[PDB]
$ cat start-v5.cif   # mmCIF, C-alpha atoms
data_structure
#
loop_
_atom_site.label_atom_id
_atom_site.label_comp_id
_atom_site.auth_asym_id
_atom_site.auth_seq_id
_atom_site.Cartn_x
_atom_site.Cartn_y
_atom_site.Cartn_z
CA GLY A 1 -19.51 25.28 5.81
CA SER A 2 -21.17 25.93 2.41
CA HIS A 3 -21.20 22.62 0.43
CA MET A 4 -19.09 23.11 -2.74
CA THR A 5 -21.32 22.31 -5.76
CA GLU A 6 -18.99 19.77 -7.50
CA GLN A 7 -19.36 21.09 -11.10
CA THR A 8 -15.69 20.18 -11.84
CA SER A 9 -14.93 16.98 -13.85
CA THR A 10 -12.75 15.59 -10.99
CA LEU A 11 -14.82 12.32 -11.17
CA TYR A 12 -13.55 11.77 -14.78
CA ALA A 13 -9.94 12.40 -13.60
CA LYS A 14 -10.50 9.88 -10.72
CA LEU A 15 -12.23 7.07 -12.70
CA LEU A 16 -9.86 7.11 -15.74
CA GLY A 17 -6.97 8.15 -13.41
CA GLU A 18 -6.65 4.90 -11.39
CA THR A 19 -8.49 2.32 -9.21
CA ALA A 20 -8.97 2.90 -5.41
CA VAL A 21 -8.62 0.44 -2.44
CA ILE A 22 -10.88 0.79 0.67
CA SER A 23 -12.53 -1.28 3.48
CA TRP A 24 -15.92 -2.93 2.81
CA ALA A 25 -17.33 -1.50 6.12
CA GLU A 26 -17.00 2.05 4.66
CA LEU A 27 -19.34 0.90 1.80
CA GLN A 28 -22.18 -0.18 4.20
CA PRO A 29 -24.41 3.01 3.46
CA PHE A 30 -23.69 2.45 -0.30
CA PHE A 31 -25.06 -1.16 -0.65
CA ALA A 32 -27.82 -0.42 1.96
CA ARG A 33 -29.51 2.05 -0.47
CA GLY A 34 -28.41 -0.19 -3.41
CA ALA A 35 -25.99 2.39 -4.94
CA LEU A 36 -23.26 -0.32 -5.05
CA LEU A 37 -22.50 -2.49 -8.14
CA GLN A 38 -20.47 -5.75 -7.87
CA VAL A 39 -17.97 -6.64 -10.66
CA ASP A 40 -16.43 -10.14 -11.11
CA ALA A 41 -12.68 -10.94 -10.62
CA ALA A 42 -12.56 -11.85 -14.37
CA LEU A 43 -13.47 -8.27 -15.46
CA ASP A 44 -11.88 -4.89 -14.51
CA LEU A 45 -13.14 -1.76 -12.67
CA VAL A 46 -12.27 0.82 -15.42
CA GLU A 47 -14.26 -1.07 -18.16
CA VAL A 48 -17.46 -1.49 -16.03
CA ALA A 49 -17.13 2.07 -14.57
CA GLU A 50 -16.74 3.71 -18.05
CA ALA A 51 -19.85 1.73 -19.12
CA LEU A 52 -21.92 2.97 -16.13
CA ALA A 53 -20.57 6.59 -16.54
CA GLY A 54 -20.91 6.64 -20.35
CA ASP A 55 -24.32 4.82 -20.25
CA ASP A 56 -22.81 2.14 -22.64
CA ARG A 57 -25.88 -0.14 -22.60
CA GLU A 58 -24.54 -3.11 -24.67
CA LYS A 59 -21.42 -3.16 -22.41
CA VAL A 60 -23.41 -3.09 -19.12
CA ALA A 61 -26.31 -5.42 -20.16
CA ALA A 62 -23.84 -8.00 -21.61
CA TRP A 63 -22.27 -8.32 -18.13
CA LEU A 64 -25.71 -8.16 -16.37
CA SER A 65 -26.93 -11.24 -18.34
CA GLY A 66 -23.37 -12.68 -18.32
CA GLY A 67 -23.20 -12.36 -14.49
CA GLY A 68 -19.98 -10.28 -14.57
CA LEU A 69 -21.81 -7.14 -13.33
CA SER A 70 -24.46 -7.23 -10.56
CA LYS A 71 -25.67 -5.12 -7.55
CA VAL A 72 -24.57 -5.70 -3.92
CA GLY A 73 -27.34 -7.14 -1.70
CA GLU A 74 -27.11 -9.33 1.46
CA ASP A 75 -25.55 -12.29 -0.47
CA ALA A 76 -22.69 -10.15 -1.88
CA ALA A 77 -22.54 -8.22 1.45
CA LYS A 78 -21.62 -11.21 3.67
CA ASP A 79 -19.47 -12.53 0.78
CA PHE A 80 -17.10 -9.49 0.60
CA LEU A 81 -17.28 -9.04 4.42
CA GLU A 82 -15.93 -12.59 5.06
CA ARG A 83 -13.74 -12.58 1.87
CA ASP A 84 -11.10 -9.78 2.20
CA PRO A 85 -13.00 -7.49 3.35
CA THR A 86 -10.54 -4.81 1.97
CA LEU A 87 -11.48 -4.49 -1.74
CA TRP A 88 -11.06 -2.20 -4.77
CA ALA A 89 -13.87 0.46 -4.92
CA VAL A 90 -14.09 3.06 -7.78
CA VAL A 91 -16.75 5.77 -7.39
CA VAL A 92 -18.64 6.43 -10.67
CA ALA A 93 -20.85 9.61 -11.06
CA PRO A 94 -24.28 7.83 -10.18
CA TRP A 95 -22.91 4.98 -7.91
CA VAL A 96 -19.76 3.10 -6.71
CA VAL A 97 -18.50 -0.27 -8.20
CA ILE A 98 -16.35 -2.87 -6.29
CA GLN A 99 -14.04 -5.76 -7.21
CA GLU A 100 -12.61 -8.30 -4.72
CA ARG A 101 -8.92 -7.70 -3.77
CA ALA A 102 -8.22 -11.45 -3.30
CA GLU A 103 -7.52 -12.73 -6.83
CA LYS A 104 -7.34 -16.52 -6.22
CA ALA A 105 -5.87 -17.00 -9.75
CA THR A 106 -3.12 -14.55 -10.89
CA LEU A 107 -1.18 -16.20 -13.77
CA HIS A 108 1.02 -13.76 -15.76
#
$ encode --input "start-v5.cif" --output "structure tokens"
Amino acid sequence: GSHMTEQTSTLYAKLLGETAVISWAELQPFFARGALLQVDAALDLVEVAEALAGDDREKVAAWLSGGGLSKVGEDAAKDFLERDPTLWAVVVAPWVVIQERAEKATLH
């Protein structure tokens, strides 16, 4: 049971591959330590995740001050829990980012 040192760029292939859908209750150890970032329904997962992987500071900090990107505490915890709770989670190299599944406005 030797833990495979993940030196492969499978994370790149995952992040820029597609989004992932999971239950919120699986992400409990992630927001507990604070390794969980919340993204708004207006934005997308790939654009916030590439920013947090690529260290794109103007991209990240624009959404931090703009309120499109945040971190998941107790307020966001009970929010997502009582919202879906099934939501779109994409694991970036440092941390995971989540968007709500329930898009209340979908006009295309």
$ residues_around --input "start-v5.cif" --residues "residue 15 in chain A" --least-positions-apart "6" --cutoff "9 Å" --atoms "all atoms listed in the file" --output "list in words"
residues 45, 46, 49, 50, 90, 91 and 92 of chain A
$ write_last_selection --input "start-v5.cif" --atoms "C-alpha atoms" --output "PDB file, in the frame of the given file"
ATOM      1  CA  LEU A  45     -13.140  -1.760 -12.670  1.00  0.00           C
ATOM      2  CA  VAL A  46     -12.270   0.820 -15.420  1.00  0.00           C
ATOM      3  CA  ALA A  49     -17.130   2.070 -14.570  1.00  0.00           C
ATOM      4  CA  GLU A  50     -16.740   3.710 -18.050  1.00  0.00           C
ATOM      5  CA  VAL A  90     -14.090   3.060  -7.780  1.00  0.00           C
ATOM      6  CA  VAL A  91     -16.750   5.770  -7.390  1.00  0.00           C
ATOM      7  CA  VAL A  92     -18.640   6.430 -10.670  1.00  0.00           C
TER       8      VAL A  92
END
$ resolve_selection --input "start-v5.cif" --expression "the PyMOL selection byres ((chain A and resi 51-63) around 10)" --output "list in words"
residues 11, 12, 15, 37, 39, 40, 43, 45, 46, 47, 48, 49, 50, 64, 65, 66, 67, 68, 69, 70, 91, 92, 93, 94, 95, 96 and 97 of chain A
$ resolve_selection --input "start-v5.cif" --expression "the PyMOL selection byres ((chain A and resi 24) around 12)" --output "PyMOL selection string"
chain A and resi 21-23+25-31+36+38+72+76-89+96-101
$ atom_distance --input "start-v5.cif" --atom1 "CA of residue 18 in chain A" --atom2 "CA of residue 74 in chain A"
28.0 Å
